[PDB]
Amino acid sequence: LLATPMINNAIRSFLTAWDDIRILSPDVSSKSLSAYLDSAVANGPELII
Amino acid sequence: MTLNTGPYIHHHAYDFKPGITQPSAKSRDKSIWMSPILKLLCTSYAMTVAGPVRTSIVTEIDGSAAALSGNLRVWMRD
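Protein chains in written order, with the deposited numbering: chain G, 147 to 195; chain 2, 1196 to 1273.
And the structure:
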């Protein structure tokens, strides 16, 4: 972490600003990926009567 | 004032001894006016302790030296 402070300070601005990519990064809804899939099931027609 | 502190400040009493000091405390381009201040903070500590006078090195500055050289120029506008 050696840089003139003005330069080192500049890195923090860039580094954190891309930390808000990680607050909404890969979605933890891997179980609810099926709940994304479950939203399309109920508009299935009843073929079998 | 009755002492030969002339050669002591500019030979010994380093502002940057490149192995003991930290690279964080490297007054880069601003060293022409920065070094005098840092050499007199060293010899102020070197004459205050009650032994023989010794080589006084700036080990490190809390915050970098260009983050303190800018801090003095805020004060130097008063």
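Note that CB positions come from ideal geometry on N, CA and C, so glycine has one too.
Can the beta-carbon of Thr1197 (chain 2) be found less than 8 Å from the beta-carbon of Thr1254 (chain 2)?
Position 2 of the second sequence, counting from 1, holds the residue named residue 1197 (chain 2). Position 59 of the second sequence, counting from 1, holds the residue named residue 1254 (chain 2). Not a contact, by the Cβ cut-off of 8 Å.
Rounded straight-line distance, which links the Cα of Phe1211 (chain 2) to that of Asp166 (chain G):
Taking the first sequence and counting its residues from 1, one reaches residue 166 (chain G) at position 20. Taking the second sequence and counting its residues from 1, one reaches residue 1211 (chain 2) at position 16. Distance between the alpha carbons of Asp166 (chain G) and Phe1211 (chain 2): 40 Å.
Closer than 7 Å at the beta carbon, the chain G residues around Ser1259 (chain 2):
As a first step, residue 1259 (chain 2) must be located in the second sequence, where it is residue number 64. Result: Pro151.
Between the stretch 1247 to 1266 of chain 2 and the stretch 1217 to 1232 of chain 2, can you find at least three pairs of beta-carbon atoms closer than 8 Å?
Verdict: yes, contact present.
In chain 2, which residues lie less than 8 Å from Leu148 (chain G) when you measure between Cβ atoms?
Walking along the first sequence from the start, residue 148 (chain G) turns up at place 2. Those within 8 Å of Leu148 (chain G) in chain 2 are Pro1218, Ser1219.
With 16 other CB atoms within 10 Å as the buried threshold, where does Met1271 (chain 2) fall?
For the purposes of this step, residue 1271 (chain 2) is identified with residue 76 of the second sequence, where counting begins at 1. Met1271 (chain 2) should be labelled exposed.
For residue 1274 (chain 2), decide whether its Cβ has a neighbour in chain G, counting only Cβ atoms nearer than 8 Å.
Any property of residue 1274 (chain 2) remains undetermined from this structure, which presents chain 2 solely from 1196 to 1273.
Cβ-heavy atom distance between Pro1218 (chain 2) and the ligand ATP below 7 Å?
Ligands displayed in this structure: none; no statement on the ligand ATP is therefore possible.
Beta-carbon gap between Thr1238 (chain 2) and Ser1251 (chain 2) smaller than 8 Å
Your numbering for residue 1238 (chain 2) matches position 43 in the second sequence. Your numbering for residue 1251 (chain 2) matches position 56 in the second sequence. Yes, these two residues count as a Cβ contact at 8 Å.
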